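Take a look at this one; I'll ask things after.
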Amino acid sequence: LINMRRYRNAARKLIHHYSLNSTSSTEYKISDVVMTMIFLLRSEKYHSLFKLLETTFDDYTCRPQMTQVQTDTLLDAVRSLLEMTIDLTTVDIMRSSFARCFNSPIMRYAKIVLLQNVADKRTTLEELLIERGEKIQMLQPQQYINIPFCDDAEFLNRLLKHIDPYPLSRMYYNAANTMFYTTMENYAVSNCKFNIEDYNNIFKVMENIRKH
Amino acid sequence: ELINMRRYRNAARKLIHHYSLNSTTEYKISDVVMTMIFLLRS
Amino acid sequence: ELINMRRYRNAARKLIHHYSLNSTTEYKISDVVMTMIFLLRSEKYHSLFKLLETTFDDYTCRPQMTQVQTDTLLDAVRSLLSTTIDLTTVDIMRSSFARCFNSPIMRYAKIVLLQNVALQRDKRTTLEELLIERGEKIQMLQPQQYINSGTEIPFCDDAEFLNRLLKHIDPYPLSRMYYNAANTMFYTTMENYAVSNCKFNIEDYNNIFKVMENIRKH
Amino acid sequence: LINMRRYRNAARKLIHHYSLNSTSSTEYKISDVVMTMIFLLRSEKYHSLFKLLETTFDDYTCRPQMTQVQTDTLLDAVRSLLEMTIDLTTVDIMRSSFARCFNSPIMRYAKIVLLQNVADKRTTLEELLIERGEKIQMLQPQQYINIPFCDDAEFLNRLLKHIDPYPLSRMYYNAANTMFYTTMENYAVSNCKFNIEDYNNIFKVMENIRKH
Amino acid sequence: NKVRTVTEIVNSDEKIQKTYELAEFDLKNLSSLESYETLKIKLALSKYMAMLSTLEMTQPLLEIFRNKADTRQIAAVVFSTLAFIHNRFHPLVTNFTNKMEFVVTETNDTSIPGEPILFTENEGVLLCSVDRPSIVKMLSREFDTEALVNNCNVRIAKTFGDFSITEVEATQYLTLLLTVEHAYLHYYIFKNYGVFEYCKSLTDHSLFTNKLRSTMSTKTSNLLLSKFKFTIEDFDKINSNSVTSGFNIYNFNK
């Protein structure tokens, strides 16, 4: 007999991280993986997800064939587990993350990785720039634009009072990690090499900008 | 059938033989999950 | 008969025994082709043939094998070799075959074209972009270590040699010497700018040598 | 069950390279050899070619005896596989290439070789010069000659417009490799030692010519 | 336009002055442009194609060389290519050697391995040998027409902002032009330094550097094969069979 609630909570947290649906950085151990897999097996309506993630043990065995109703039901199951949008690419992210976690060896220090192996056309940033580029100009714009900056002291005072208890550092961390994860997921989904040199050089540019 | 019983079983045998006696090769996290699944299912 | 069945069979036994267990002698490409031909031709080894063929590229998979299938694969591979094995042996042999199938084969020589002169493109470049590009290019070079004999600054206090060099260069006007040096520096700089398709900023080159007035005024 | 189309494509490319009928330089792996041999075995009308190339495993076992109809049928089979002329010397080149590929050991880096062991009289360049030399003078010339260099600006402009999209470097590569392969095949067929010192000295002569 | 430079030393008011003419720098810059050299080579090839066209030689070169019966076209094509190369070397003579004969080779038994176009004296007149199957095998070989040989930024910025000559035909034209260029270098050594030197050069191409740079390197244009530096893949490994504990005191060819 196992505690359904604890296993469900561990599964929820680990899947939240492994789906890139949350920025909560909590050190995850092998025990959380064991709990999430056991809960996935035990719960009847998560059997599809459990089989999906268990197929990742061998790299040569790929995703089971699911008819549209099955995919929709699994999407509803994932949504219920996360109580949050969620779609097929989230499932692909989860599959890749769990595959890399499972095939990884037992080790003393947490391994830091980047999203990869999701979604034939291995491209770079410039070809995507050109290509998607036109697909953009192809579309006609929706709106045509052809500005109040009020400094109402009382109103800004009330806004500051509302914002004052918020730990600015936490807000910056959340925003930056959200932008980073969205950029990484867009790169991986588009099958484009994510050049972290450029992304880190963005921060380096900000740092060099400040001190002048 | 959701559990490939025998492959899980040999994985658990190997892992528990390694941990219990050969305290001194290497295994992946997948084998640990496999061993726990075998222990629960049996 | 097109296939010499038994010689193929022993070749496959040897190769698979080498790859699966003896991960540490040597074999030719012909033996690899032989092993794959044996696996395809033998009916009961079709699953193993497909599993090993999935290693050709990274866009091939295998359906999840049920229990009876994995036992059939296991005793088939055991018939290939009495020693006890498991799915881990299959995994390591598959990885070895994946490494083997990606090994390049012999190819005939080809005429390789090398750029004769680093020809620049039509669009003119400024000094800054040129500096960035050339610094990136220099980054790829392999630096060499220079170790001086000692830390002391080289010098010479031999009077006789010093006045002797001074006397030898005494009849040599400083105006002509400095003019020649400055003009050859300028000509080399302009030639490099022209060859590099880079815009020459006359004002910057003039500003280079304003330390004259900086010294004179202060 | 195997994919006939993929194996046929791999066989086509590998045979194109190994017959010296193409300058396409694509890194070939052991997998391509496996695919070409398997496709040759499986296809009924390529059985002659498969047996021919399989006999190359042992150096002491030489080419099977084929009557003229069999050789013609195999030539048609090779032509169909390549959809391109092709004759017996192409088959000899293919046999030698596959023999050397098969007897080569498995190795991490591609082995670069030159054509050899094709077509008794082991000669050098000078004896061939003399010998074939007369066989030339023996023949009487066909034509007797006993010149417009138009600079029509519009016509040259149109010609340049047509030629402009062509990547000159690719054209030079194709021409140079074609000349090299034709020279090597003529040397090997004539059983004359190919002195790559001289051929490389040709390029060295061009390089030394330019800088003066 | 001219640019003036002044040098002044701190011991006097003397100023020494030099005048630079910008045309030299402009010429170097133009010679450094990739598009300029590409245009030069493509213009030479276009002139060759136009010269063939005005001689009715519009049929693809492979088709011309595949016709065994009609020898006149092959002889005319080879003669025209030789004359074009001769005019490129000497831009004063429009007509090649006023009298010469052609013999077409269709057999390996009388073929030269590596010199498809050869020249000889029959004691009365120049004779040119044409190895037709060799040229056919050259032109009919499939070409690599999809691979790329090594600006994306200008393409990105642009994205954000009638004779049918295929690539195969142009490559065939360039192939024949280079082959006849090699033949013409051999023929030039022949005509200017004797049959003995010609047959010495046939077995050792290294004499080209000495028998061309004396006159051609300072009077004619650039050679077509000099547009790119060609090397054999893994040349050192294949050459390892012939290695000398050498001492080169007359290394006239680097």
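For clarity, chains are labelled A, B, C, D and E in written order, and residue numbers in each chain start from 1.
As a convention for this text, a residue touches a chain if its C-beta (ideal position, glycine included) is under 8 Å from a C-beta of that chain, and two chains touch if they have at least 3 such contacts.
The chains in contact with chain C as well as with chain E are A, D. With every chain reduced to the mean of its CA atoms, the largest distance from chain D is reached by B.
Relative to the whole-protein C-alpha centroid, the nearest chain centroid is that of C. Inter-chain contacts peak for the pair D-E. With centres set at the average Cα position, the gap from chain B to chain E is 71 Å. For the pair chain A and chain D, the distance between mean C-alpha positions equals 53 Å.
Look at where the CA atoms of chain C average out and do the same for chain D: the two points lie 29 Å apart. Once the centre of each chain is set as its mean CA position, chain B and chain D turn out to be 56 Å apart. Touching of two or more other chains is recorded for residues 149, 226-235, 238 of chain E. Shared contact sites, meaning residues of chain D that touch two or more other chains, fall at 20, 23, 25, 112-114, 169, 172-173, 176-177, 180-181, 207, 210.
Pairs of chains meeting the touch criterion: A-B, A-C, A-E, B-C, C-D, C-E, D-E.
Chain D makes touch with chain E in their complex at residues 16, 20-25, 84-85, 112-114, 125-126, 128-129, 132-133, 135-152, 155-156, 158-160, 162-164, 166-183, 185-187, 189-190, 192, 194, 196-210, 212.
Chain contact summary for the complex, chain A toward chain B: residues 2, 30, 33-34, 37-38, 41, 47, 50-51, 57, 101-106. By the touch criterion given at the top, residues 51, 54-55, 59-65, 91, 94 of chain C touch chain A in their complex. Against chain E, the residues of chain C that register as touching in their complex are 109-117, 119-123, 174-176, 178-179, 182-183, 186-187, 190-191, 193-197, 212, 215-216.
Every residue of chain E that touches chain C in the complex is listed here, in rising order: 5, 7-12, 14, 16, 18, 20, 25-26, 28-29, 32-35, 37, 149, 151, 154, 226-235, 238.
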